[PDB]
Amino acid sequence: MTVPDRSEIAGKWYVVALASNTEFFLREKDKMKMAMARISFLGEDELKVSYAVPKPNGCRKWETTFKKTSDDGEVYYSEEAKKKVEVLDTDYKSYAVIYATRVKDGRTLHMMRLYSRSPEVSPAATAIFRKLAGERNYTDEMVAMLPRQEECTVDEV
Ligand SMILES: O=C(N[C@H]1COC(=O)[C@@H](NC(=O)c2cccc(O)c2O)COC(=O)[C@@H](NC(=O)c2cccc(O)c2O)COC1=O)c1cccc(O)c1O
Ligand SMILES: [Ga+3]
């Protein structure tokens, strides 16, 4: 158990960037703090993810299971949850940017996010995430960033 095998392909990721299509999310997220994300391979076609966010009520965490969906190569779709995530770009030794979308009966929501190899936002990741954001005619309130405001973190093992 807990062998150093596939585990190398999984771990924890710190989301130091955020983007929301709905004003409310932007308003709420812009006022909150950086979030967490840890993913674990449930199966060959199934995957599990643990979320950690600092909520006024305390560190709010949650773990959800998704299904493999190699849309744009290592993308994931959670039909049961109505949430899709697609890794846009990621550095083996640097920052990474992943795109996410969720659709509800009659409504489509998109949420862009950026994660750092550790709980620390980098200028490079910032400029990169923004460069793409600007290419889509994004607006400041549409994006959300968290500076050296870290404190609550999610465990890995
Ligand atoms: O519409 C979406 N959320 C709702 C509904 O989802 C939820 O309320 C919870 N959520 C999941 O259970 C979830 C289970 C499985 C998958 C999830 O993503 C869940 O979040 C908790 O998330 C939160 O409280 C907040 N959330 C993050 O800060 C976030 C930060 C980093 C990473 C996150 O995922 C976050 O949600 C706000 O989220 C919401 O209001 C939604 C859309 C697009 C992309 C999303 O991520 C959404 O969740
Ligand atoms: Ga979510």
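Along the chain as shown, residues are numbered 1 onward.
Recorded method for this deposit: solution NMR.
Yeah, the Cβs are placed from backbone N, Cα and C, and that goes for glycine too.
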Per Swiss-Prot, member of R102, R107 binding enterobactin alongside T22, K83, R113: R102
Among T22, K83, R102, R113, the record's enterobactin binders - longest CA distance, Å: 15
Listed recorded positions adjacent to ligand 1, that is, members of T22, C59, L114, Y115, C152 whose C-beta is under 6 A away: none
Nearest recorded site to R113 (enterobactin binding site) by CA-CA distance, among recorded positions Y51, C59, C152: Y51
Cβ contacts of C152 (disulfide bond) (under 8 Å, same chain, 6 or more positions away): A52, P54, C59
